[PDB]
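Visitor: This is structure28.csv (CSV, C-alpha atoms).
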```
chain,number,residue,atom,x,y,z
A,2,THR,CA,-108.2,186.2,-89.8
A,3,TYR,CA,-105.8,183.3,-89.2
A,4,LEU,CA,-105.9,181.8,-85.7
A,5,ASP,CA,-104.0,178.5,-86.1
A,6,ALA,CA,-100.5,177.3,-85.4
A,7,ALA,CA,-98.2,175.4,-87.7
A,8,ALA,CA,-97.1,172.3,-85.7
A,9,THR,CA,-96.4,169.4,-88.2
A,10,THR,CA,-93.7,169.7,-90.9
A,11,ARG,CA,-93.5,166.3,-92.6
A,12,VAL,CA,-97.3,166.0,-93.0
A,13,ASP,CA,-99.7,168.8,-93.7
A,14,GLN,CA,-101.7,169.7,-90.6
A,15,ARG,CA,-105.1,169.1,-92.3
A,16,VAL,CA,-104.0,165.5,-93.1
A,17,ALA,CA,-102.6,165.0,-89.6
A,18,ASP,CA,-105.9,166.3,-88.0
A,19,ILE,CA,-108.2,164.0,-90.1
A,20,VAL,CA,-106.0,161.0,-89.2
A,21,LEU,CA,-106.1,162.0,-85.5
A,22,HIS,CA,-109.9,162.5,-85.6
A,23,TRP,CA,-110.5,159.0,-87.0
A,24,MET,CA,-108.0,157.3,-84.6
A,25,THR,CA,-109.6,158.8,-81.5
A,26,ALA,CA,-113.0,157.8,-82.9
A,27,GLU,CA,-111.6,154.2,-83.4
A,28,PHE,CA,-110.1,154.3,-79.9
A,29,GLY,CA,-112.5,156.5,-77.9
A,30,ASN,CA,-116.1,156.5,-76.7
A,31,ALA,CA,-117.4,157.8,-80.0
A,32,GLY,CA,-120.8,156.2,-79.8
A,33,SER,CA,-120.8,152.4,-79.6
A,34,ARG,CA,-118.9,149.8,-81.6
A,35,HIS,CA,-121.8,149.7,-84.0
A,36,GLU,CA,-122.4,153.5,-84.5
A,37,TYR,CA,-118.7,154.0,-85.3
A,38,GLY,CA,-119.0,151.0,-87.7
A,39,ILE,CA,-121.6,152.9,-89.7
A,40,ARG,CA,-119.5,156.0,-89.6
A,41,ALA,CA,-116.3,154.2,-90.7
A,42,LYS,CA,-118.1,152.5,-93.6
A,43,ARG,CA,-119.5,155.7,-95.0
A,44,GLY,CA,-116.1,157.4,-94.6
A,45,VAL,CA,-114.3,154.7,-96.5
A,46,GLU,CA,-116.9,154.8,-99.3
A,47,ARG,CA,-116.6,158.6,-99.5
A,48,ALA,CA,-112.8,158.3,-99.7
A,49,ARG,CA,-113.1,155.6,-102.4
A,50,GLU,CA,-115.5,157.8,-104.5
A,51,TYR,CA,-113.3,160.9,-104.2
A,52,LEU,CA,-110.1,159.1,-104.9
A,53,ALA,CA,-111.5,157.3,-107.9
A,54,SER,CA,-112.8,160.6,-109.3
A,55,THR,CA,-109.3,162.2,-109.4
A,56,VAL,CA,-108.4,159.6,-112.0
A,57,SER,CA,-111.8,159.7,-113.7
A,58,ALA,CA,-112.8,156.3,-112.4
A,59,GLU,CA,-116.0,154.9,-110.8
A,60,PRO,CA,-115.9,154.0,-107.0
A,61,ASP,CA,-116.1,150.3,-107.8
A,62,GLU,CA,-112.9,150.6,-109.9
A,63,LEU,CA,-110.6,151.4,-106.9
A,64,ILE,CA,-109.4,149.4,-103.9
A,65,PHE,CA,-107.4,150.4,-100.9
A,66,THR,CA,-104.1,148.7,-100.1
A,67,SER,CA,-101.3,148.8,-97.5
A,68,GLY,CA,-99.1,150.6,-100.0
A,69,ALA,CA,-97.9,150.9,-103.6
A,70,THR,CA,-95.8,147.8,-103.0
A,71,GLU,CA,-99.0,145.8,-102.3
A,72,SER,CA,-100.8,147.5,-105.1
A,73,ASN,CA,-98.0,146.6,-107.6
A,74,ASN,CA,-98.1,142.9,-106.5
A,75,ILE,CA,-101.9,142.7,-106.6
A,76,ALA,CA,-101.8,144.2,-110.1
A,77,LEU,CA,-99.0,142.2,-111.6
A,78,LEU,CA,-99.1,138.7,-109.9
A,79,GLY,CA,-102.9,139.0,-110.0
A,80,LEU,CA,-102.8,138.9,-113.8
A,81,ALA,CA,-100.6,135.8,-114.0
A,82,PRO,CA,-103.4,133.2,-113.9
A,83,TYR,CA,-105.3,134.9,-116.7
A,84,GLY,CA,-102.0,134.9,-118.6
A,85,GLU,CA,-101.6,131.2,-118.2
A,86,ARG,CA,-105.2,130.6,-119.1
A,87,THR,CA,-105.1,132.6,-122.3
A,88,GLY,CA,-101.5,131.8,-123.4
A,89,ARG,CA,-100.5,135.5,-122.8
A,90,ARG,CA,-97.2,135.2,-121.1
A,91,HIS,CA,-95.2,138.1,-122.7
A,92,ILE,CA,-94.7,141.1,-120.4
A,93,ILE,CA,-93.0,144.4,-121.3
A,94,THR,CA,-91.6,146.7,-118.6
A,95,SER,CA,-88.7,149.0,-118.0
A,96,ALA,CA,-85.4,148.3,-116.3
A,97,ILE,CA,-85.8,151.6,-114.3
A,98,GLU,CA,-88.8,150.5,-112.4
A,99,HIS,CA,-89.0,150.5,-108.6
A,100,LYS,CA,-88.2,147.1,-107.0
A,101,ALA,CA,-91.9,146.6,-106.3
A,102,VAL,CA,-92.5,146.2,-110.1
A,103,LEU,CA,-89.1,144.7,-111.0
A,104,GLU,CA,-89.2,141.9,-108.3
A,105,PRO,CA,-92.7,140.7,-108.9
A,106,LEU,CA,-91.9,140.5,-112.6
A,107,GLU,CA,-88.6,138.7,-112.1
A,108,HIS,CA,-90.6,136.2,-110.0
A,109,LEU,CA,-92.9,135.7,-113.0
A,110,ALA,CA,-89.9,135.4,-115.3
A,111,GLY,CA,-88.8,132.4,-113.2
A,112,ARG,CA,-92.3,130.9,-113.6
A,113,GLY,CA,-92.6,130.7,-117.4
A,114,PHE,CA,-93.4,134.3,-118.3
A,115,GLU,CA,-91.2,136.2,-120.9
A,116,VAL,CA,-90.4,139.6,-119.5
A,117,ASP,CA,-88.7,142.4,-121.4
A,118,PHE,CA,-86.8,144.9,-119.3
A,119,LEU,CA,-86.4,148.0,-121.6
A,120,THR,CA,-83.5,150.4,-121.1
A,121,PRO,CA,-84.3,154.1,-121.7
A,122,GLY,CA,-80.8,155.3,-122.1
A,123,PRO,CA,-79.4,158.8,-121.0
A,124,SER,CA,-82.8,160.6,-121.2
A,125,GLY,CA,-84.2,158.3,-118.5
A,126,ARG,CA,-87.4,158.3,-120.4
A,127,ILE,CA,-88.9,155.3,-122.1
A,128,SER,CA,-90.2,156.0,-125.6
A,129,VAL,CA,-93.6,155.0,-126.9
A,130,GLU,CA,-92.0,153.5,-130.0
A,131,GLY,CA,-89.7,151.4,-127.8
A,132,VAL,CA,-92.7,149.7,-126.2
A,133,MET,CA,-95.0,149.5,-129.3
A,134,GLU,CA,-92.1,148.0,-131.3
A,135,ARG,CA,-92.1,145.0,-128.8
A,136,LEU,CA,-95.9,144.7,-128.6
A,137,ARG,CA,-97.2,141.2,-129.7
A,138,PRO,CA,-100.7,139.7,-130.2
A,139,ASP,CA,-100.0,137.7,-127.0
A,140,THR,CA,-98.5,140.5,-124.8
A,141,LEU,CA,-100.4,140.3,-121.5
A,142,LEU,CA,-99.2,143.4,-119.9
A,143,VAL,CA,-97.1,146.5,-120.0
A,144,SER,CA,-96.0,148.0,-116.7
A,145,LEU,CA,-94.5,151.5,-116.9
A,146,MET,CA,-94.0,153.8,-113.9
A,147,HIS,CA,-95.5,157.3,-114.2
A,148,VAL,CA,-92.5,159.1,-112.8
A,149,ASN,CA,-89.1,157.6,-112.1
A,150,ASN,CA,-88.6,157.9,-108.3
A,151,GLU,CA,-84.8,158.3,-108.5
A,152,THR,CA,-84.6,160.9,-111.3
A,153,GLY,CA,-88.0,162.6,-111.4
A,154,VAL,CA,-88.2,161.8,-115.2
A,155,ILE,CA,-91.8,161.6,-116.4
A,156,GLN,CA,-92.7,158.6,-118.6
A,157,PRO,CA,-95.2,158.9,-121.5
A,158,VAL,CA,-97.8,156.6,-119.9
A,159,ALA,CA,-100.6,158.8,-121.2
A,160,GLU,CA,-99.6,158.4,-124.9
A,161,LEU,CA,-99.2,154.6,-124.3
A,162,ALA,CA,-102.6,154.3,-122.7
A,163,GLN,CA,-104.3,155.7,-125.8
A,164,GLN,CA,-102.6,153.1,-127.9
A,165,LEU,CA,-102.7,150.1,-125.6
A,166,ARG,CA,-106.4,150.6,-124.7
A,167,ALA,CA,-107.3,149.7,-128.4
A,168,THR,CA,-105.4,146.3,-127.9
A,169,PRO,CA,-106.0,143.2,-125.8
A,170,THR,CA,-102.9,144.1,-123.8
A,171,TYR,CA,-103.3,145.7,-120.3
A,172,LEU,CA,-101.5,148.7,-119.0
A,173,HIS,CA,-100.3,149.0,-115.5
A,174,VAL,CA,-98.8,152.3,-114.2
A,175,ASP,CA,-96.9,152.6,-110.9
A,176,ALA,CA,-97.9,156.2,-110.2
A,177,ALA,CA,-96.5,156.3,-106.7
A,178,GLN,CA,-94.4,159.3,-107.8
A,179,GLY,CA,-96.9,160.7,-110.3
A,180,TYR,CA,-100.3,160.7,-108.6
A,181,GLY,CA,-101.3,164.3,-107.7
A,182,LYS,CA,-98.2,165.7,-109.3
A,183,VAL,CA,-99.1,165.2,-113.0
A,184,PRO,CA,-102.9,164.7,-112.6
A,185,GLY,CA,-103.9,164.9,-116.3
A,186,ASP,CA,-101.9,161.8,-117.3
A,187,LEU,CA,-103.8,159.5,-115.0
A,188,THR,CA,-107.3,160.4,-116.3
A,189,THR,CA,-106.3,158.4,-119.4
A,190,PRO,CA,-107.6,154.9,-119.8
A,191,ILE,CA,-104.7,153.2,-118.0
A,192,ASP,CA,-106.0,149.8,-116.9
A,193,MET,CA,-104.3,149.6,-113.5
A,194,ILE,CA,-102.8,152.5,-111.4
A,195,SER,CA,-100.8,152.0,-108.2
A,196,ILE,CA,-100.9,154.9,-105.8
A,197,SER,CA,-98.8,155.5,-102.7
A,198,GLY,CA,-100.1,157.5,-99.7
A,199,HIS,CA,-96.8,158.7,-98.2
A,200,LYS,CA,-95.5,160.0,-101.5
A,201,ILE,CA,-98.3,162.6,-101.4
A,202,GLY,CA,-98.0,163.4,-97.7
A,203,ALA,CA,-100.4,160.8,-96.2
A,204,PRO,CA,-99.2,158.5,-93.5
A,205,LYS,CA,-97.1,155.4,-94.4
A,206,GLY,CA,-99.0,152.1,-94.6
A,207,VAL,CA,-101.7,152.9,-97.1
A,208,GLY,CA,-102.1,153.0,-100.9
A,209,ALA,CA,-104.6,152.3,-103.6
A,210,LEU,CA,-105.1,150.3,-106.8
A,211,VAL,CA,-107.3,151.5,-109.7
A,212,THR,CA,-108.7,148.7,-111.8
A,213,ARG,CA,-110.7,150.1,-114.8
A,214,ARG,CA,-113.6,148.4,-116.5
A,215,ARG,CA,-113.4,147.9,-120.3
A,216,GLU,CA,-116.9,148.4,-121.8
A,217,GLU,CA,-116.4,146.1,-124.9
A,218,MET,CA,-115.4,143.1,-122.8
A,219,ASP,CA,-119.0,142.6,-121.5
A,220,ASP,CA,-118.1,145.2,-118.7
A,221,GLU,CA,-115.2,143.4,-117.0
A,222,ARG,CA,-112.6,144.9,-114.8
A,223,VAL,CA,-109.1,143.6,-115.2
A,224,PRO,CA,-109.4,139.8,-114.8
A,225,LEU,CA,-107.3,139.8,-111.7
A,226,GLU,CA,-107.1,136.9,-109.3
A,227,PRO,CA,-106.3,137.4,-105.6
A,228,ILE,CA,-102.9,136.6,-104.2
A,229,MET,CA,-104.3,136.5,-100.6
A,230,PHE,CA,-107.5,135.0,-99.2
A,231,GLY,CA,-109.9,135.2,-96.3
A,232,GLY,CA,-112.7,137.8,-96.3
A,233,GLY,CA,-114.7,139.6,-98.9
A,234,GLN,CA,-113.0,143.0,-98.3
A,235,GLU,CA,-111.9,145.2,-101.3
A,236,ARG,CA,-113.8,143.0,-103.8
A,237,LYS,CA,-111.9,140.0,-102.5
A,238,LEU,CA,-108.7,141.5,-104.0
A,239,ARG,CA,-107.3,142.6,-100.6
A,240,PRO,CA,-108.8,140.6,-97.7
A,241,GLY,CA,-108.3,141.7,-94.0
A,242,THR,CA,-109.0,145.1,-92.5
A,243,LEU,CA,-107.1,148.3,-93.5
A,244,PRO,CA,-106.7,151.1,-90.9
A,245,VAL,CA,-109.6,153.5,-91.6
A,246,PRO,CA,-107.6,156.6,-90.2
A,247,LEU,CA,-104.9,156.1,-92.8
A,248,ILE,CA,-107.4,155.6,-95.7
A,249,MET,CA,-109.0,158.9,-94.7
A,250,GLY,CA,-105.5,160.5,-94.5
A,251,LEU,CA,-104.9,159.3,-98.0
A,252,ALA,CA,-108.1,160.9,-99.3
A,253,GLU,CA,-107.3,164.2,-97.6
A,254,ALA,CA,-103.7,164.3,-98.9
A,255,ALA,CA,-105.2,163.7,-102.4
A,256,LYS,CA,-107.7,166.5,-101.9
A,257,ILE,CA,-105.1,168.9,-100.8
A,258,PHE,CA,-102.9,168.0,-103.8
A,259,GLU,CA,-105.7,168.4,-106.3
A,260,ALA,CA,-106.7,171.8,-104.9
A,261,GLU,CA,-103.3,173.3,-104.3
A,262,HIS,CA,-101.4,171.9,-107.3
A,263,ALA,CA,-100.7,175.2,-108.9
A,264,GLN,CA,-99.2,176.6,-105.6
A,265,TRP,CA,-97.1,173.4,-105.2
A,266,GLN,CA,-95.9,173.6,-108.8
A,267,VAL,CA,-94.7,177.2,-108.5
A,268,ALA,CA,-92.9,176.8,-105.2
A,269,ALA,CA,-91.2,173.5,-106.3
A,270,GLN,CA,-90.0,175.0,-109.6
A,271,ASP,CA,-88.9,178.2,-107.8
A,272,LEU,CA,-86.8,176.2,-105.4
A,273,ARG,CA,-85.6,174.0,-108.3
A,274,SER,CA,-84.2,177.0,-110.2
A,275,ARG,CA,-82.4,178.3,-107.1
A,276,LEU,CA,-80.8,174.9,-106.4
A,277,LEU,CA,-79.8,174.4,-110.1
A,278,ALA,CA,-78.1,177.8,-110.1
A,279,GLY,CA,-76.2,176.9,-107.0
A,280,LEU,CA,-75.0,173.7,-108.7
A,281,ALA,CA,-74.0,175.5,-112.0
A,282,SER,CA,-70.4,176.1,-110.8
A,283,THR,CA,-69.7,172.7,-109.0
A,284,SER,CA,-69.2,169.9,-111.6
A,285,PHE,CA,-72.1,167.9,-110.2
A,286,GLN,CA,-74.1,166.7,-113.2
A,287,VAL,CA,-77.8,166.4,-113.7
A,288,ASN,CA,-79.2,163.1,-114.8
A,289,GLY,CA,-82.3,162.6,-117.0
A,290,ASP,CA,-84.2,164.7,-119.5
A,291,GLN,CA,-85.0,168.1,-117.9
A,292,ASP,CA,-87.8,168.7,-120.4
A,293,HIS,CA,-89.8,165.8,-118.9
A,294,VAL,CA,-89.4,166.0,-115.1
A,295,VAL,CA,-91.3,166.6,-111.9
A,296,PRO,CA,-90.2,169.9,-110.4
A,297,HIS,CA,-89.3,168.5,-107.0
A,298,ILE,CA,-86.9,165.7,-107.7
A,299,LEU,CA,-83.3,166.1,-108.9
A,300,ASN,CA,-80.8,163.4,-109.6
A,301,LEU,CA,-77.2,164.4,-109.4
A,302,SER,CA,-74.0,162.6,-110.5
A,303,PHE,CA,-71.0,163.3,-108.3
A,304,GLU,CA,-68.6,161.2,-110.3
A,305,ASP,CA,-66.2,164.1,-110.8
A,306,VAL,CA,-66.9,165.6,-107.4
A,307,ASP,CA,-64.3,165.0,-104.7
A,308,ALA,CA,-65.5,164.2,-101.1
A,309,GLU,CA,-65.0,167.6,-99.4
A,310,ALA,CA,-66.8,169.4,-102.3
A,311,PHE,CA,-69.6,166.9,-102.0
A,312,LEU,CA,-70.1,167.8,-98.3
A,313,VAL,CA,-70.0,171.6,-98.8
A,314,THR,CA,-72.6,171.6,-101.6
A,315,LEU,CA,-75.0,169.3,-99.8
A,316,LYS,CA,-74.9,171.7,-96.9
A,317,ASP,CA,-75.6,174.6,-99.4
A,318,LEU,CA,-78.4,172.7,-101.0
A,319,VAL,CA,-80.2,172.0,-97.7
A,320,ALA,CA,-79.7,175.6,-96.7
A,321,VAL,CA,-81.1,177.0,-100.0
A,322,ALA,CA,-84.2,174.8,-99.4
A,323,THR,CA,-84.7,176.0,-95.8
A,324,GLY,CA,-87.8,178.0,-94.9
A,325,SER,CA,-89.3,177.1,-98.3
A,326,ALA,CA,-89.3,173.3,-98.1
A,327,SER,CA,-88.2,170.1,-96.3
A,328,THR,CA,-85.5,168.0,-98.1
A,329,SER,CA,-84.4,164.5,-98.7
A,330,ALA,CA,-81.1,163.0,-99.9
A,331,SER,CA,-80.3,159.4,-100.8
A,332,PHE,CA,-77.8,157.3,-102.8
A,333,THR,CA,-79.3,155.9,-106.0
A,334,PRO,CA,-79.1,152.1,-106.6
A,335,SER,CA,-76.7,151.5,-109.4
A,336,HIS,CA,-79.1,149.5,-111.6
A,337,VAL,CA,-81.2,152.6,-112.5
A,338,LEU,CA,-78.3,154.6,-114.0
A,339,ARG,CA,-76.8,151.4,-115.6
A,340,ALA,CA,-80.2,151.2,-117.4
A,341,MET,CA,-79.7,154.8,-118.4
A,342,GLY,CA,-76.4,153.9,-120.1
A,343,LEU,CA,-73.9,155.1,-117.5
A,344,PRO,CA,-70.5,153.5,-117.0
A,345,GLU,CA,-70.0,151.6,-113.7
A,346,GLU,CA,-68.0,154.4,-112.0
A,347,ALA,CA,-70.7,157.0,-112.6
A,348,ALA,CA,-73.8,154.7,-112.0
A,349,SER,CA,-72.6,154.1,-108.4
A,350,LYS,CA,-72.0,157.8,-107.9
A,351,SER,CA,-75.4,159.4,-107.9
A,352,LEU,CA,-77.5,161.3,-105.3
A,353,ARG,CA,-81.3,161.6,-105.4
A,354,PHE,CA,-82.4,165.0,-104.0
A,355,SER,CA,-86.0,166.0,-103.5
A,356,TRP,CA,-88.0,168.6,-101.6
A,357,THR,CA,-91.6,169.2,-100.5
A,358,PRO,CA,-92.7,172.9,-100.0
A,359,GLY,CA,-94.0,173.8,-96.6
```
As a first step, turn the structure in this file into structure tokens.
Guide:
Amino acid sequence: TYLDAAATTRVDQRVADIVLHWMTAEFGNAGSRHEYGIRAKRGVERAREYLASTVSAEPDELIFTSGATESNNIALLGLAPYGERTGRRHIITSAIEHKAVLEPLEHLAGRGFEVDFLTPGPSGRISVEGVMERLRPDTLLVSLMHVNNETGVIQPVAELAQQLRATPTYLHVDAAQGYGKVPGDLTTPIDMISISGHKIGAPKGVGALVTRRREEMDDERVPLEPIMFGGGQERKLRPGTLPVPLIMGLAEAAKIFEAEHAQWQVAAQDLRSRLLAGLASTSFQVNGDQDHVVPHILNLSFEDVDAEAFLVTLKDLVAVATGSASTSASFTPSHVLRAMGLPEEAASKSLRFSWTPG
């Protein structure tokens, strides 16, 4: 017996409700300022513990942030002073990273760090060998995204974690596009994991950063230093106050994703197959290794596609996805496909297309 209605389309109704409940509690006459304070504290700690558990981490190994952007900066710039102190100034990353990994690292490159920006080539997938080949005794950090946001191509962060964990080098993973979608990979001993709320259907303005302890090293978490100051919040790593409703929204989005992953997987792949079959006779071209890809992101090159044909098929793609999912379309910044070995004319002619089942 189902008695509910299906109002919200860009955010699951259960996520919306929890957010709303917490906001009205924050705004309303829900007890007194004190009584809500107790409630909000316990709620945040419940969220922290549940979220940490989805990556096999202890509650004290996770902080909340204002987004994966802030998580990435905290993780990467936060390691710079330790790097200067121990003479570990070599960083390895990929040239296909999101700007919230690229830019902090380009900032460090201008401050005396040596940063290697590895190019994956046409597969769009960094290889383990490619990283391990560049590994040095004084390599501070490897940063590798879990899933490329433009192409959906899954990186081998789980394999790398097993190898880097046995070294003094830290691994950071920007999992904004991987969290929830490839859960198994993030239970591996990756040192730092950045998580984005809105990527898994939570409100914008909230994220998380996992910082794992290493048992051998007395019992230290990553030796991060703060980039902001003023308050004890989030183990001093993120001072100020985050909005409690959004944090609780993040935890609910995660919980839905963990529980309904199989359903999401099937519906996303089912739509993928139908979209691909529509694209088969069009001379759009698929970018990235399709053996290593999240089911819900497709990157298409329209280099050989004339303008009128472009418009027709985009209509047909949206229409195929209708009543099954909501869709997104965006031009891909040329740098990502140039890092994948594409010539200029093609690298600036790509469309990112993704869908979220309803």
Visitor: In Å, with one decimal, what is the gap from CA of residue 319 in chain A to CA of residue 300 in chain A?
Guide: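 CA of residue 300 in chain A lies 14.7 Å from CA of residue 319 in chain A.
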Visitor: So how many Å separate CA of residue 154 in chain A and CA of residue 77 in chain A, to one decimal?
Guide: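 Going from CA of residue 154 in chain A over to CA of residue 77 in chain A covers 22.7 Å.
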Visitor: For the atom pair CA of residue 309 in chain A and CA of residue 271 in chain A, what is the interatomic distance in Å to one decimal place?
Guide: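 Calculated distance between CA of residue 309 in chain A and CA of residue 271 in chain A is 27.5 Å.
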Visitor: What box, with edges along x, y and z, holds each listed atom of range 307-313 of chain A when 4 Å is added on every side, and can you state its centre and edge lengths in Å to one decimal, as JSON?
Guide:
```
{"center_x": -67.2, "center_y": 167.9, "center_z": -101.5, "size_x": 13.8, "size_y": 15.4, "size_z": 14.4}
```
Visitor: Here is a test: counting all atoms listed in the file, which residue of A:227, A:113, A:38, A:32 is nearest to residue 74 in chain A?
Guide: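 Of A:227, A:113, A:38, A:32, the one nearest residue 74 in chain A, counting all atoms listed in the file, is A:227.
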Visitor: Select, from A:45, A:280, A:17, A:96, the residue with the minimum atom-to-atom distance to residue 149 in chain A, counting all atoms listed in the file.
Guide: A:96
Visitor: Quick one: residues within 9 Å of residue 289 in chain A, only C-alpha atoms counted, chain neighbours fewer than 6 positions away excluded, as a list in words?
Guide: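 Listing them by chain and then by number gives residues 123, 124, 125, 126, 152, 153, 154, 299, 300 and 341 of chain A.
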Visitor: Might you pull out every residue within 12 Å of residue 249 in chain A, with all atoms listed in the file counted and same-chain residues fewer than 2 positions away left off, and present them as a PyMOL selection string?
Guide: chain A and resi 15-24+41-52+65+198+203-204+207-209+243-247+251-256
Visitor: Near range 211-217 of chain A, counting all atoms listed in the file, which residues have an atom at most 6 Å away, once you skip same-chain residues fewer than 3 positions from it, shown as a ChimeraX atom specification?
Guide: /A:62-63,192-194,220-222
Visitor: Would you please work out which residue, of A:85, A:186, A:115, A:160, is nearest to residue 133 in chain A when using all atoms listed in the file?
Guide: A:160
Visitor: When you look at residue 268 in chain A with a cut-off of 10 Å (counting only C-alpha atoms), what residues show up, excluding the ones that are within fewer than 5 positions of it in the same chain? I need them as a PDB file with C-alpha atoms, keeping the file's coordinate frame.
Guide:
```pdb
ATOM      1  CA  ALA A 263    -100.700 175.200-108.900  1.00  0.00           C
ATOM      2  CA  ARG A 273     -85.600 174.000-108.300  1.00  0.00           C
ATOM      3  CA  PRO A 296     -90.200 169.900-110.400  1.00  0.00           C
ATOM      4  CA  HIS A 297     -89.300 168.500-107.000  1.00  0.00           C
ATOM      5  CA  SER A 325     -89.300 177.100 -98.300  1.00  0.00           C
ATOM      6  CA  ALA A 326     -89.300 173.300 -98.100  1.00  0.00           C
ATOM      7  CA  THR A 357     -91.600 169.200-100.500  1.00  0.00           C
ATOM      8  CA  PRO A 358     -92.700 172.900-100.000  1.00  0.00           C
ATOM      9  CA  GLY A 359     -94.000 173.800 -96.600  1.00  0.00           C
TER      10      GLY A 359
END
```
Visitor: Which residue gives the smallest distance to residue 242 in chain A among A:67, A:155, A:9, A:40, with all atoms listed in the file counted?
Guide: A:67
Visitor: What's the 9 Å shell around residue 97 in chain A, counting only C-alpha atoms, without same-chain residues fewer than 3 positions away, as a ChimeraX atom specification?
Guide: /A:94,100,103,118-121,125,146,149,151,336-338,340-341
Visitor: Because the input lacks atoms here, generate N, CA and C atoms for range 143-156 of chain A and report them as a PDB file, keeping the file's coordinate frame.
Guide:
```pdb
ATOM      1  N   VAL A 143     -98.182 145.578-120.093  1.00  0.00           N
ATOM      2  CA  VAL A 143     -97.100 146.500-120.000  1.00  0.00           C
ATOM      3  C   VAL A 143     -97.166 147.171-118.677  1.00  0.00           C
ATOM      4  N   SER A 144     -96.034 147.213-117.979  1.00  0.00           N
ATOM      5  CA  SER A 144     -96.000 148.000-116.700  1.00  0.00           C
ATOM      6  C   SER A 144     -94.949 149.095-116.898  1.00  0.00           C
ATOM      7  N   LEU A 145     -95.409 150.332-116.718  1.00  0.00           N
ATOM      8  CA  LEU A 145     -94.500 151.500-116.900  1.00  0.00           C
ATOM      9  C   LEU A 145     -94.828 152.495-115.801  1.00  0.00           C
ATOM     10  N   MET A 146     -93.812 152.824-115.004  1.00  0.00           N
ATOM     11  CA  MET A 146     -94.000 153.800-113.900  1.00  0.00           C
ATOM     12  C   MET A 146     -94.357 155.166-114.518  1.00  0.00           C
ATOM     13  N   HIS A 147     -95.129 155.951-113.771  1.00  0.00           N
ATOM     14  CA  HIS A 147     -95.500 157.300-114.200  1.00  0.00           C
ATOM     15  C   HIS A 147     -94.309 158.228-114.197  1.00  0.00           C
ATOM     16  N   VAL A 148     -93.679 158.308-113.030  1.00  0.00           N
ATOM     17  CA  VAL A 148     -92.500 159.100-112.800  1.00  0.00           C
ATOM     18  C   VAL A 148     -91.432 158.266-112.153  1.00  0.00           C
ATOM     19  N   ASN A 149     -90.219 158.290-112.700  1.00  0.00           N
ATOM     20  CA  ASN A 149     -89.100 157.600-112.100  1.00  0.00           C
ATOM     21  C   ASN A 149     -88.814 158.257-110.712  1.00  0.00           C
ATOM     22  N   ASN A 150     -88.729 157.427-109.679  1.00  0.00           N
ATOM     23  CA  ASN A 150     -88.600 157.900-108.300  1.00  0.00           C
ATOM     24  C   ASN A 150     -87.199 158.444-108.018  1.00  0.00           C
ATOM     25  N   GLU A 151     -86.205 157.910-108.706  1.00  0.00           N
ATOM     26  CA  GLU A 151     -84.800 158.300-108.500  1.00  0.00           C
ATOM     27  C   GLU A 151     -84.466 159.646-109.222  1.00  0.00           C
ATOM     28  N   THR A 152     -85.036 159.837-110.412  1.00  0.00           N
ATOM     29  CA  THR A 152     -84.600 160.900-111.300  1.00  0.00           C
ATOM     30  C   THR A 152     -85.687 161.996-111.516  1.00  0.00           C
ATOM     31  N   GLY A 153     -86.931 161.675-111.184  1.00  0.00           N
ATOM     32  CA  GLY A 153     -88.000 162.600-111.400  1.00  0.00           C
ATOM     33  C   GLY A 153     -88.513 162.615-112.896  1.00  0.00           C
ATOM     34  N   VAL A 154     -87.906 161.815-113.769  1.00  0.00           N
ATOM     35  CA  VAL A 154     -88.200 161.800-115.200  1.00  0.00           C
ATOM     36  C   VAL A 154     -89.613 161.226-115.490  1.00  0.00           C
ATOM     37  N   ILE A 155     -90.480 162.017-116.110  1.00  0.00           N
ATOM     38  CA  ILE A 155     -91.800 161.600-116.400  1.00  0.00           C
ATOM     39  C   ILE A 155     -91.855 160.703-117.681  1.00  0.00           C
ATOM     40  N   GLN A 156     -92.506 159.552-117.556  1.00  0.00           N
ATOM     41  CA  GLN A 156     -92.700 158.600-118.600  1.00  0.00           C
ATOM     42  C   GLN A 156     -93.953 158.895-119.406  1.00  0.00           C
TER      43      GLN A 156
END
```
